[PDB]
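**Student:** This structure is in structure tokens; I'll ask about it shortly.
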Amino acid sequence: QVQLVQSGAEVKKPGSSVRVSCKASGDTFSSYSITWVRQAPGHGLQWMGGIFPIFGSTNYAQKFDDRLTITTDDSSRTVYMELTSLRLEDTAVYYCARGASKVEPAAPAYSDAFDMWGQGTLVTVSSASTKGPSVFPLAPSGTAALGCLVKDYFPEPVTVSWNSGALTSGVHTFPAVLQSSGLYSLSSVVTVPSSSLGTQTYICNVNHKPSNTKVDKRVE
Amino acid sequence: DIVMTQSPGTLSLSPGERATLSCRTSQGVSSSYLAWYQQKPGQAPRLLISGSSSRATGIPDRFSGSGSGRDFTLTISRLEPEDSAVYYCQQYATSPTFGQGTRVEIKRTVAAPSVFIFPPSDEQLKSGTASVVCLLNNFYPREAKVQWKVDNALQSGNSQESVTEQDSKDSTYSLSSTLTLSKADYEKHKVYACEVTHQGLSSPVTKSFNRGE
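Sequence lines, in order, name chains H and L.
For the first sequence, the positions run 1 to 52, 52A, 53 to 82, 82A to 82C, 83 to 100, 100A to 100J, 101 to 127, 134 to 212 when the authors' numbering is used.
For the second sequence, the positions run 1 to 27, 27A, 28 to 212 when the authors' numbering is used.
Pasting the structure below:
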């Protein structure tokens, strides 16, 4: 699995500056180009810039020519994006991605297809401050339903699993909604048959990263 | 700059039917400089096609690319269920530009939901808030209606819902409507119902509870 692994998502007050990391495989770091594409509601996939580590060369999009800077750390083959003087609009998922072409003698096509992508880093550009959720049993009364209400956090996101991975079939982790209070609220469920509530015990595994919260809550 | 325009916005076709997606450029681009991507819910995009029509590795034969000039197309020659997703075209002739995606929605026969209403956990009540949850499980189509009522008094403005994406296996949706009240109000009332209205239901279904057990 020749992969790309990224830093965690963050909340950032406007006018500040975030940096997102992109750690590669060595192969990728020698012979390919790594790009930063961001995606947000209302204008979708937006190219920002790209770096050729083997050359240390860069080419950013006009949209960011002063606020954005991309840097490598050869010691551990990590690429760094830094977007400066954050605006509200910057809020997005920022991906790093391998360009499809391998490097050529004469070069460098920064414009390229994107082969491999990382897993995503969600940058909330918000004046609100971090908050860890409060998880609450969703309790049942021949198939039953149960879950966990991951209520009241910030920013996005939280992840939810069941029995640290052992339960996955029938699991519905819903998309977070943003409340009038200004905090997020989420809901995971799983359906199981009634016979198993004598047999099996069910815990959800809630994890909200930017507050460093982790909870494991059993359900009746 | 070149402006990728994809059309239509959504495509709703059954498995085994052919999908064709249009991506138009604001000016002429060679076939060599085009990529297609697939994004399934909550993931990065996968490269499906580069240079107009070269399949990336591991990509099934049922995806093909074509076109040239200012009109490019991806055809999913015969849809799988698992091809429920959004799909993006990209010019990389100049400064990379992407379209705004096409969503393919996999058609299916009608499936009434199975409905489940959850009262508020004691640990939350000891905290002063009261969140009641109502689940609509595995229905199709996406059009459904959740009306909270408290002692036959119809609620409004206090409930939020969110909907899981189209399953890649059984192609249904699932929803989660949440009536929210103060611990105060939650005790002044007794019959907490949740009434569901969907195409698969002969007439609206009601689950409910009482504050008992």
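Positions of the beta carbon are idealized from the N, C-alpha and C atoms, including for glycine.
Which class does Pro118/L belong to by DSSP, given the choice of helix, strand or coil?
**Tutor:** One-based indexing of the second sequence puts residue 118/L at position 119. Reduced to three states, the DSSP call for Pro118/L is coil.
**Student:** Grouping DSSP H, G and I as helix and E and B as strand, with all else coil, what is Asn197/H?
**Tutor:** As a working note, residue 197/H is residue 205 in the first sequence. The answer is strand: DSSP assigns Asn197/H an E or B state.
**Student:** Along the stretch 81-115 of chain L, where does the CB come closer than 9 Å to a CB of chain H? Name the residues.
**Tutor:** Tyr87, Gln89, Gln90, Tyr91, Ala92, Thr93, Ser94, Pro95, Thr96, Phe97, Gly98, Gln99, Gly100, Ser113 and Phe115
**Student:** Grab me the residues of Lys143/H's own chain with a C-beta within less than 7 Å of its C-beta, minus the 5 sequence neighbours each way, in chain order.
**Tutor:** Numbered from its first residue, the first sequence carries residue 143/H at position 151. Cβ within range, chain order: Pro119, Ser120, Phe122 and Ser177.
**Student:** Taking 7 Å as the CB-CB limit, is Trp36/H close to chain L?
**Tutor:** In the first sequence, counting from the first residue as 1, residue 36/H sits at position 36. Cβ-Cβ to chain L under 7 Å: no for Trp36/H.
**Student:** Applying a beta-carbon distance threshold of less than 9 Å, which residues of chain L neighbour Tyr91/H?
**Tutor:** Position 95 of the first sequence, counted from the first residue, corresponds to residue 91/H. Listed along the chain, the chain L residues whose CB falls inside 9 Å of the CB of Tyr91/H are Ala43 and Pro44.
**Student:** Apart from the five residues on each side of it in sequence, which residues of its chain come closer than 6 Å, Cβ to Cβ, to residue 133/H?
**Tutor:** Position 127 is followed directly by 134 in chain H, which means residue 133/H is not present among the coordinates.
**Student:** Would the beta-carbon of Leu82C/H fall within 7 Å of that of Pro147/H?
**Tutor:** The residue labelled residue 82C/H in the question sits at position 86 within the first sequence. The residue labelled residue 147/H in the question sits at position 155 within the first sequence. Contact annotation: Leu82C/H and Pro147/H have beta-carbon atoms that are not nearer than 7 Å.
**Student:** Please look up how many angstroms separate the CB atoms of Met102/H and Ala93/H, rounded, as I've assumed it's under 8 Å.
**Tutor:** Within the first sequence, residue 102/H is the residue found at index 116, counting from 1. Within the first sequence, residue 93/H is the residue found at index 97, counting from 1. Confirmed, Cβ separation roughly 7 Å.
**Student:** Expressed to the nearest angstrom, what Euclidean distance is found between the alpha-carbon atoms of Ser75/H and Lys23/H?
**Tutor:** The residue you call residue 75/H lines up with position 76 of the first sequence. The residue you call residue 23/H lines up with position 23 of the first sequence. About 7 Å.
**Student:** Cα-Cα, which of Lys201/H, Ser180/H and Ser112/H is closest to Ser173/L?
**Tutor:** To locate residue 173/L, count along the second sequence from 1; it is residue 174. Minimum Cα distance to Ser173/L is reached at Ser180/H.
**Student:** Could you give the DSSP three-state label for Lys62/H: helix, strand or coil?
**Tutor:** For the purposes of this step, residue 62/H is taken as the residue at position 63 of the first sequence. Correct three-state label for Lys62/H: helix.
**Student:** Would you kindly work out how many angstroms separate the C-alpha atoms of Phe71/L and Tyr32/L, rounded to a whole number?
**Tutor:** For this step, residue 71/L is matched to residue 72 along the second sequence. For this step, residue 32/L is matched to residue 33 along the second sequence. Each residue's alpha carbon lies about 11 Å from the other.
**Student:** Around the Cβ of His197/L, are there at least 16 other Cβ atoms within 10 angstroms (buried) or fewer (exposed)?
**Tutor:** The residue you call residue 197/L lines up with position 198 of the second sequence. Result: buried.
**Student:** Spatial neighbours of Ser25/H within its chain, please: CB distance less than 6 Å, with the 5 preceding and 5 following residues excluded, ordered by chain position.
**Tutor:** On the first sequence, position 25 is the one that residue 25/H refers to. Cβ neighbours of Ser25/H beyond the five flanking positions: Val2.
**Student:** What first and last residue would you give for the beta strand (DSSP E) that runs through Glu100/H?
**Tutor:** Along the first sequence, one-based indexing puts residue 100/H at 104. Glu100/H -> no beta strand (DSSP E), and no H or E assigned at all.
**Student:** Measuring only the C-alpha atoms, how far is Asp65/H from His200/H?
**Tutor:** Here residue 65/H refers to the residue found at position 66 of the first sequence. Here residue 200/H refers to the residue found at position 208 of the first sequence. One C-alpha to the other measures close to 32 Å.
**Student:** Can you tell me whether DSSP reads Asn151/L as helix, strand or coil?
**Tutor:** Locating residue 151/L in the second sequence gives position 152, counting from the first residue. In this structure, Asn151/L counts as coil in the three-state DSSP scheme.
**Student:** Out of curiosity, what's the CA-to-CA distance linking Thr163/L and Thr82A/H?
**Tutor:** Against the second sequence, residue 163/L aligns to sequence position 164. Against the first sequence, residue 82A/H aligns to sequence position 84. Going from the Cα of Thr163/L to the Cα of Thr82A/H covers about 34 Å.
**Student:** I'd like to know whether the C-beta of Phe63/H is nearer than 7 Å to at least one C-beta of chain L.
**Tutor:** Numbered from 1 along the first sequence, position 64 holds the residue referred to as residue 63/H. No, because no Cβ of chain L sits closer than 7 Å to the Cβ of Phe63/H.
**Student:** What three-state label does DSSP hand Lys182/L in the structure shown?
**Tutor:** Within the second sequence, numbered from 1, the residue matching residue 182/L stands at position 183. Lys182/L falls in the helix class under three-state DSSP.
**Student:** Are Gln6/H and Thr110/H close, meaning C-beta to C-beta below 7 Å?
**Tutor:** As a working mapping, residue 6/H is identified with position 6 in the first sequence. As a working mapping, residue 110/H is identified with position 124 in the first sequence. Between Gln6/H and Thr110/H, the C-beta gap is not smaller than 7 Å, which leaves the two residues out of contact.
**Student:** Going by the CB atoms, is the gap between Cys193/L and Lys206/L shorter than 7 Å?
**Tutor:** Here residue 206/L refers to the residue found at position 207 when the second sequence is read from its first residue. Here residue 193/L refers to the residue found at position 194 when the second sequence is read from its first residue. Yes; because the gap between Cβ atoms is below 7 Å, this pair is in contact.
**Student:** Answer with yes or no whether the minimum CB distance from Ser67/L to chain H is below 7 Å.
**Tutor:** The residue you call residue 67/L lines up with position 68 of the second sequence. Taking Cβ atoms only, chain H never reaches closer than 7 Å to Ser67/L, which makes this a no.
**Student:** Let me see if you follow: with CB-CB separation under 7 Å, is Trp103/H close to chain C or not?
**Tutor:** Absent here is chain C; the protein component of the structure consists of chains H and L.
**Student:** Taking a cut of 9 Å between CB atoms, which residues from the stretch 130-149 of chain L lie near chain H?
**Tutor:** Correct list: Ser130, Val132, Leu134, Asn136 and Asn137.
**Student:** Along the stretch 10-38 of chain H, what residues have a CB closer than 9 Å to any CB found in chain L?
**Tutor:** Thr35 and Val37
**Student:** Starting from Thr151/H and walking both ways along the beta strand (DSSP E), at which residues does that stretch end?
**Tutor:** If you number the first sequence from 1, residue 151/H lands on position 159. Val150 to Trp154 is the extent of the beta strand (DSSP E) around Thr151/H.
**Student:** Under 6 Å Cβ to Cβ from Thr57/H, same chain only, skipping five residues before and after it: list those, please.
**Tutor:** Translated into positions along the first sequence, residue 57/H becomes position 58. Leaving aside the five residues that flank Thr57/H on each side, the residues in its chain whose CB is nearer than 6 Å to its CB run, in chain order, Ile51 and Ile69.
**Student:** Looking at chain L, is there any beta carbon in it that lies within less than 7 Å of the beta carbon of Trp154/H?
**Tutor:** Walking along the first sequence from the start, residue 154/H turns up at place 162. Not one beta carbon of chain L lies nearer than 7 Å to the beta carbon of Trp154/H.
**Student:** Are three or more beta carbon pairs between the stretch 98-110 of chain L and the stretch 73-86 of chain L nearer than 8 Å?
**Tutor:** Enough Cβ pairs lie closer than 8 Å, so yes.
**Student:** When the Cα of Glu142/L is compared with those of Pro112/L, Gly27A/L and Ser130/L, which residue comes out closest?
**Tutor:** Counting from 1 along the second sequence, the entry for residue 142/L is found at position 143. When each option's Cα is compared against that of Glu142/L, the closest is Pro112/L.
**Student:** Does DSSP classify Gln123/L as helix, strand or coil?
**Tutor:** Along the second sequence, read from residue 1 onward, the residue named residue 123/L stands at position 124. Note: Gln123/L maps to helix in three-state DSSP.
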